[PDB]
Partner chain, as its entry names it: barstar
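Only one chain is shown below, in structure tokens, and it's the form deposited without the partner chain.
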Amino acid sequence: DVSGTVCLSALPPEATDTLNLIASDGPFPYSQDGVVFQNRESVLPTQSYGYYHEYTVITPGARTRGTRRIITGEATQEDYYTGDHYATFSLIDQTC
């Protein structure tokens, strides 16, 4: 399962961006947003279909989309941040 949560302060300034785009339901800059993620990686504490979504967090000097990616749930307070391209997953603690 997830390696635990990740204090929002522990995340980059481009990580909050997505959380703001999920909270403000856009508008999103990157093309990565407004899509489901049926935990096809089976790495996330899923169970149901359409209970997940993708929202890659922008990144500076990111030649590409960057291995970074946010994966939100169907319930607020469930935004996994790989940071290694669907490799790892650490929820986001906005409180932290």
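Residue numbers count along the first chain shown, from 1.
Only in words, not in the display: the form deposited with the partner chain bound, which the text now covers.
In the deposited bound form, the partner chain lies within 4.5 Å of some heavy atom of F37. Proximity of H53 to the partner chain in the deposited bound form: non-hydrogen atoms within 4.5 Å are absent; the residue sits far from the partner. Although the partner is absent here, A75 is not a contact residue: none of its heavy atoms lies within 4.5 angstroms of the partner chain in the deposited bound form.
Under a 4.5 angstroms non-hydrogen atom cutoff, the partner chain in the deposited bound form lacks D25 among its neighbouring residues.
Shown here without the partner chain, the chain has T64, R65, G66, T67, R69 in 56-73 lying with a heavy atom within 4.5 Å of that partner in the deposited bound form.
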